[PDB]
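Peer 1: I am attaching a structure below and will ask some questions about it afterwards.
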Amino acid sequence: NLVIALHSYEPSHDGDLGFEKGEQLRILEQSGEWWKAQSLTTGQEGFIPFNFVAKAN
């Protein structure tokens, strides 16, 4: 369930995870406009804009 960001992210909401453009995050939960992703480079867990990441394809 891993994805890849398409734009530099800057956590604004509480309990959010910040990532970079093209970065990867292992989606823990994808329920709601805000998906829970677990980074893979850092692994930092947090929430992320469901409309910010796309499958690492």
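Residues in the structure tokens are numbered from 1 in each chain, the chains being A, B, ... in the order shown, and ligands are numbered from 1 in the order shown.
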Please list as a PyMOL selection string every residue within 8 Å of residue A:34, counting only C-alpha atoms and excluding residues in the same chain fewer than 4 positions away.

Peer 2: chain A and resi 30+47-50

Peer 1: Can you write just those residues out, N, CA, C and O atoms, as an mmCIF file, in the first residue's frame?

Peer 2:
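Output below, filename result14.cif:
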```
data_model
loop_
_atom_site.group_PDB
_atom_site.id
_atom_site.type_symbol
_atom_site.label_atom_id
_atom_site.label_comp_id
_atom_site.auth_asym_id
_atom_site.auth_seq_id
_atom_site.Cartn_x
_atom_site.Cartn_y
_atom_site.Cartn_z
ATOM 1 N N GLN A 30 -5.826 4.554 4.942
ATOM 2 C CA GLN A 30 -6.217 5.469 3.884
ATOM 3 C C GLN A 30 -7.698 5.798 3.955
ATOM 4 O O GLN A 30 -8.360 5.976 2.932
ATOM 5 N N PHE A 47 -0.133 11.711 9.692
ATOM 6 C CA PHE A 47 -1.204 11.853 8.725
ATOM 7 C C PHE A 47 -0.714 12.596 7.489
ATOM 8 O O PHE A 47 0.218 13.392 7.565
ATOM 9 N N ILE A 48 -1.332 12.326 6.347
ATOM 10 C CA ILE A 48 -0.928 12.973 5.106
ATOM 11 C C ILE A 48 -2.105 13.177 4.156
ATOM 12 O O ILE A 48 -2.996 12.334 4.050
ATOM 13 N N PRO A 49 -2.099 14.304 3.436
ATOM 14 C CA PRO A 49 -3.136 14.636 2.466
ATOM 15 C C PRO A 49 -3.344 13.499 1.466
ATOM 16 O O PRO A 49 -2.491 13.245 0.618
ATOM 17 N N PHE A 50 -4.473 12.802 1.585
ATOM 18 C CA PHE A 50 -4.775 11.677 0.702
ATOM 19 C C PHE A 50 -4.607 12.048 -0.774
ATOM 20 O O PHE A 50 -4.370 11.182 -1.615
#
```

Peer 1: Fewer than 2 positions away in the same chain doesn't count, so skip those; otherwise give me all residues within 12 Å of residue A:55, counting only C-alpha atoms, as an MDAnalysis selection string.

Peer 2: chainID A and resid 1:6 22:27 50:53 57

Peer 1: A:31, A:54, A:37, A:46: which is nearest residue A:14, counting only C-alpha atoms?

Peer 2: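 The shortest atom-to-atom distance to residue A:14 comes from A:46.
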
Peer 1: Running DSSP on the backbone, which parts of chain A land in strand (DSSP E), as a PDB file with N, CA, C and O atoms, in the first residue's frame?

Peer 2:
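To be explicit, this is the file written out as result-v1.pdb:
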```pdb
ATOM      1  N   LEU A   2       2.060   1.125  -0.574  1.00  0.00           N
ATOM      2  CA  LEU A   2       2.977   2.241  -0.605  1.00  0.00           C
ATOM      3  C   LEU A   2       2.666   3.198  -1.735  1.00  0.00           C
ATOM      4  O   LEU A   2       2.278   2.803  -2.834  1.00  0.00           O
ATOM      5  N   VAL A   3       2.844   4.464  -1.426  1.00  0.00           N
ATOM      6  CA  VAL A   3       2.598   5.540  -2.365  1.00  0.00           C
ATOM      7  C   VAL A   3       3.820   6.433  -2.534  1.00  0.00           C
ATOM      8  O   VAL A   3       4.877   6.185  -1.956  1.00  0.00           O
ATOM      9  N   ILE A   4       3.651   7.484  -3.320  1.00  0.00           N
ATOM     10  CA  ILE A   4       4.717   8.437  -3.561  1.00  0.00           C
ATOM     11  C   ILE A   4       4.151   9.838  -3.759  1.00  0.00           C
ATOM     12  O   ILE A   4       3.257  10.054  -4.577  1.00  0.00           O
ATOM     13  N   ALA A   5       4.670  10.778  -2.983  1.00  0.00           N
ATOM     14  CA  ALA A   5       4.213  12.163  -3.041  1.00  0.00           C
ATOM     15  C   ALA A   5       4.501  12.802  -4.392  1.00  0.00           C
ATOM     16  O   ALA A   5       5.453  12.436  -5.081  1.00  0.00           O
ATOM     17  N   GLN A  24       8.363   8.667  -0.413  1.00  0.00           N
ATOM     18  CA  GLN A  24       7.522   7.492  -0.269  1.00  0.00           C
ATOM     19  C   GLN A  24       7.062   7.320   1.165  1.00  0.00           C
ATOM     20  O   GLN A  24       7.774   7.643   2.114  1.00  0.00           O
ATOM     21  N   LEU A  25       5.856   6.802   1.298  1.00  0.00           N
ATOM     22  CA  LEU A  25       5.251   6.563   2.600  1.00  0.00           C
ATOM     23  C   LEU A  25       4.377   5.331   2.551  1.00  0.00           C
ATOM     24  O   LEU A  25       3.502   5.210   1.694  1.00  0.00           O
ATOM     25  N   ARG A  26       4.599   4.431   3.485  1.00  0.00           N
ATOM     26  CA  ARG A  26       3.819   3.225   3.559  1.00  0.00           C
ATOM     27  C   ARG A  26       2.488   3.533   4.232  1.00  0.00           C
ATOM     28  O   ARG A  26       2.416   3.718   5.446  1.00  0.00           O
ATOM     29  N   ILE A  27       1.449   3.618   3.421  1.00  0.00           N
ATOM     30  CA  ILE A  27       0.117   3.944   3.905  1.00  0.00           C
ATOM     31  C   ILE A  27      -0.377   2.948   4.940  1.00  0.00           C
ATOM     32  O   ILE A  27      -0.655   1.788   4.634  1.00  0.00           O
ATOM     33  N   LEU A  28      -0.506   3.436   6.164  1.00  0.00           N
ATOM     34  CA  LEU A  28      -0.993   2.636   7.272  1.00  0.00           C
ATOM     35  C   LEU A  28      -2.503   2.557   7.188  1.00  0.00           C
ATOM     36  O   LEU A  28      -3.098   1.482   7.271  1.00  0.00           O
ATOM     37  N   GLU A  29      -3.108   3.717   6.992  1.00  0.00           N
ATOM     38  CA  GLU A  29      -4.546   3.822   6.853  1.00  0.00           C
ATOM     39  C   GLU A  29      -4.887   4.874   5.814  1.00  0.00           C
ATOM     40  O   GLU A  29      -4.290   5.948   5.785  1.00  0.00           O
ATOM     41  N   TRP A  34      -7.685  12.370   4.796  1.00  0.00           N
ATOM     42  CA  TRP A  34      -6.344  12.350   5.363  1.00  0.00           C
ATOM     43  C   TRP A  34      -5.887  10.916   5.619  1.00  0.00           C
ATOM     44  O   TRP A  34      -6.407  10.238   6.505  1.00  0.00           O
ATOM     45  N   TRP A  35      -4.923  10.456   4.824  1.00  0.00           N
ATOM     46  CA  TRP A  35      -4.409   9.095   4.950  1.00  0.00           C
ATOM     47  C   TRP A  35      -3.214   9.018   5.889  1.00  0.00           C
ATOM     48  O   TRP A  35      -2.322   9.865   5.858  1.00  0.00           O
ATOM     49  N   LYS A  36      -3.191   7.968   6.699  1.00  0.00           N
ATOM     50  CA  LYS A  36      -2.096   7.731   7.622  1.00  0.00           C
ATOM     51  C   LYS A  36      -0.989   6.979   6.903  1.00  0.00           C
ATOM     52  O   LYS A  36      -1.180   5.836   6.490  1.00  0.00           O
ATOM     53  N   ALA A  37       0.161   7.616   6.737  1.00  0.00           N
ATOM     54  CA  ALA A  37       1.273   6.979   6.048  1.00  0.00           C
ATOM     55  C   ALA A  37       2.490   6.861   6.938  1.00  0.00           C
ATOM     56  O   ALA A  37       2.783   7.754   7.733  1.00  0.00           O
ATOM     57  N   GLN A  38       3.223   5.773   6.770  1.00  0.00           N
ATOM     58  CA  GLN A  38       4.437   5.564   7.523  1.00  0.00           C
ATOM     59  C   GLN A  38       5.606   5.695   6.576  1.00  0.00           C
ATOM     60  O   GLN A  38       5.808   4.855   5.700  1.00  0.00           O
ATOM     61  N   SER A  39       6.370   6.757   6.746  1.00  0.00           N
ATOM     62  CA  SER A  39       7.512   7.007   5.900  1.00  0.00           C
ATOM     63  C   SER A  39       8.375   5.757   5.799  1.00  0.00           C
ATOM     64  O   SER A  39       8.171   4.793   6.535  1.00  0.00           O
ATOM     65  N   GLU A  45       5.947   8.341  11.385  1.00  0.00           N
ATOM     66  CA  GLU A  45       4.523   8.101  11.199  1.00  0.00           C
ATOM     67  C   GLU A  45       3.710   9.372  11.406  1.00  0.00           C
ATOM     68  O   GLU A  45       4.033  10.202  12.256  1.00  0.00           O
ATOM     69  N   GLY A  46       2.649   9.514  10.618  1.00  0.00           N
ATOM     70  CA  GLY A  46       1.794  10.680  10.720  1.00  0.00           C
ATOM     71  C   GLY A  46       0.727  10.703   9.644  1.00  0.00           C
ATOM     72  O   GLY A  46       0.682   9.824   8.785  1.00  0.00           O
ATOM     73  N   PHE A  47      -0.133  11.711   9.692  1.00  0.00           N
ATOM     74  CA  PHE A  47      -1.204  11.853   8.725  1.00  0.00           C
ATOM     75  C   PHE A  47      -0.714  12.596   7.489  1.00  0.00           C
ATOM     76  O   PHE A  47       0.218  13.392   7.565  1.00  0.00           O
ATOM     77  N   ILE A  48      -1.332  12.326   6.347  1.00  0.00           N
ATOM     78  CA  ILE A  48      -0.928  12.973   5.106  1.00  0.00           C
ATOM     79  C   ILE A  48      -2.105  13.177   4.156  1.00  0.00           C
ATOM     80  O   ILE A  48      -2.996  12.334   4.050  1.00  0.00           O
ATOM     81  N   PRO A  49      -2.099  14.304   3.436  1.00  0.00           N
ATOM     82  CA  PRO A  49      -3.136  14.636   2.466  1.00  0.00           C
ATOM     83  C   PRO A  49      -3.344  13.499   1.466  1.00  0.00           C
ATOM     84  O   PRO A  49      -2.491  13.245   0.618  1.00  0.00           O
ATOM     85  N   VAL A  53      -0.288  11.949  -2.409  1.00  0.00           N
ATOM     86  CA  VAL A  53       0.551  10.827  -2.811  1.00  0.00           C
ATOM     87  C   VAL A  53      -0.093   9.947  -3.874  1.00  0.00           C
ATOM     88  O   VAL A  53      -1.314   9.801  -3.935  1.00  0.00           O
ATOM     89  N   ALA A  54       0.763   9.345  -4.694  1.00  0.00           N
ATOM     90  CA  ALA A  54       0.335   8.446  -5.754  1.00  0.00           C
ATOM     91  C   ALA A  54       1.233   7.213  -5.770  1.00  0.00           C
ATOM     92  O   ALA A  54       2.433   7.314  -5.522  1.00  0.00           O
ATOM     93  N   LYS A  55       0.649   6.049  -6.041  1.00  0.00           N
ATOM     94  CA  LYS A  55       1.400   4.793  -6.063  1.00  0.00           C
ATOM     95  C   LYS A  55       2.778   4.960  -6.698  1.00  0.00           C
ATOM     96  O   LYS A  55       2.928   5.657  -7.701  1.00  0.00           O
TER      97      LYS A  55
END
```
